[PDB]
Every structure is written in C-alpha cells, then in structure tokens.
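Trainee: Here's a structure for you.
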Amino acid sequence: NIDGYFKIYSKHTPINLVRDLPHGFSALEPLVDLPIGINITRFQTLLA
Amino acid sequence: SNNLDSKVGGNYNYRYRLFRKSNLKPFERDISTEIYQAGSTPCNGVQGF
Ligand SMILES: *[C@@H]1O[C@H](CO)[C@@H](O[C@@H]2O[C@H](CO)[C@@H](O)[C@H](O)[C@H]2NC(C)=O)[C@H](O)[C@H]1NC(C)=O
C-alpha cells in the first residue's frame with residue numbers, strides 16, 4: 001500500500017520438493033493495483 | 001457554487017474536520033467522529049470539559 005495505491009506482485013511453482021522452501025530465483029511479476037485509500041495497519045490470511 | 005450550495009439560513013450539511021492529533025498523509029481519507037482530547041483527561045462520553 002503506497003500513497004493510496006495497493007500493489008500486488010505474485011508467482012506460482014514448478015517445484016515438487018521434500019518439505020522446506022527451496023533457495024532459488026523466480027521473481028514475482030506485478031499482477032494488480034487497487035486505489036483502496038485506507039490505512040492498513042494489520043492483516044489476516046484466510047484458509048479452507 | 002454559492003448559486004447552488006448555499007441556503008438562506010446556512011447550508012449546515014457541509015462538514016469538515018476541525019481537530020486532529022496529527023496530520024493525515026497524501027491522499028488519505030479519515031472517516032471518524034470520536035471525541036477529541038484538547039483536555040488532558042482520557043476523555044469519554046458525548047463531550048468533555
Ligand atoms: C493507522 O492506524 C494506526 C493504529 O492506530 C496508527 O498508528 C498509531 O498512531 C499513534 C500516533 O503515532 C500511536 O499512538 C499508536 O501507538 C500507533 N499504533 C501503532 C500500531 O503504531 C497509524 O498512524 C494510522 N496511519 C495513518 C496514516 O494515520
């Protein structure tokens with residue numbers, strides 16, 4: 001969130017590894033921008 | 001817009017913010033109506049001295 005514009009960059013995998021996060025380079029492409037204008041101070045992710 | 005927005009007694013629907021603890025940032029919108037501390041007291045209810 002930057003001067004009233006929220007920004008998102010993201011990526012998804014080729015990897016089927018043992019357990020922990022691989023060290024490795026794939027950058028996140030930009031995907032969306034939203035003029036939300038709010039103070040975000042905190043957050044929470046949503047599960048199934 | 002006097003020709004449109006004014007009323008002979010005064011168009012008292014038009015509101016602005018008069019008191020704040022700090023400034024707001026570039027392009028911020030503050031929707032709040034909580035009672036302002038100019039008094040040092042932990043001020044609560046619809047007023048305070
Ligand atoms: C967004 O809301 C937060 C939470 O109230 C604000 O952070 C507080 O700011 C006051 C004044 O500096 C402090 O007394 C609190 O301790 C702060 N809380 C935290 C978590 O740091 C924040 O300033 C607001 N953002 C904007 C742009 O006004």
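As a convention, Cβ positions derive from the backbone with ideal geometry for all residues, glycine included, and neighbour counts pool all protein chains shown. What follows is calculated from the coordinates using simple rules that are stated; it is not laboratory data.
Trainee: So for chain A, Kirkwood radius off the Cα pairs, Stokes-Einstein at 25 °C and 0.890 mPa s: how many µm² s⁻¹?
Mentor: 177
Trainee: Non-local amide H neighbours of A:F6 (under 5 Å, H modeled in plane, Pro and chain starts lacking H): which ones?
Mentor: So A:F6 has HN proximity to A:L34, A:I36, A:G37.
Trainee: A:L46 versus A:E29, label points 7 Å from Cα toward the beta carbon: distance in nm?
Mentor: Those two pseudo-labels are separated by 2.5 nm.
Trainee: Tell me the trypsin sites (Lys or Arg not before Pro) within chain A that lie in a loop according to DSSP and have at most 12 other beta-carbon atoms within 10 Å.
Mentor: A:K11, A:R19, A:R42
Trainee: I would also like to ask the following. Each residue of region B:2-11 in turn: what ³J(HN,Hα) in whole Hz from Karplus with 6.51, -1.76, 1.60 and θ = phi - 60°, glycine and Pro shown as x?
Mentor: Couplings: 3, 4, 10, 8, 7, 9, 4, x, x, 7 Hz.
Trainee: Then there is this: Spelling out what I want: for every residue of region B:40-46, take phi, set θ = phi - 60°, compute 6.51 cos²θ - 1.76 cosθ + 1.60 (Karplus), and round to whole Hz; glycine and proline get x.
Mentor: With coefficients 6.51, -1.76 and 1.60, one gets 5, 3, x, 5, 7, x, 6 Hz.
Trainee: Per-residue HN-Hα couplings for region B:30-38, Karplus 6.51 cos²θ - 1.76 cosθ + 1.60 at θ = phi - 60°, whole Hz, x for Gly and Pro?
Mentor: After applying 6.51 cos²θ - 1.76 cosθ + 1.60, I find 9, 8, 7, 9, 5, 5, 7, 7, 8 Hz.
Trainee: Sort chain B into rounded, prolate or oblate with this rule: let a ≥ b ≥ c be the square roots of the eigenvalues of the Cα gyration tensor; rounded if a/c is under 1.5, and if a/c is not under 1.5, prolate when a/b is larger than b/c, oblate otherwise.
Mentor: Oblate is the answer for chain B, as a/c is 1.5 or above yet b/c matches or exceeds a/b.
Trainee: 222 nm [θ] for chain B, helices only, -39500 (n - 2.57) per DSSP H run of 4+, per residue, to 500?
Mentor: The helix contribution divided over chain B gives -1000 deg cm²/dmol.
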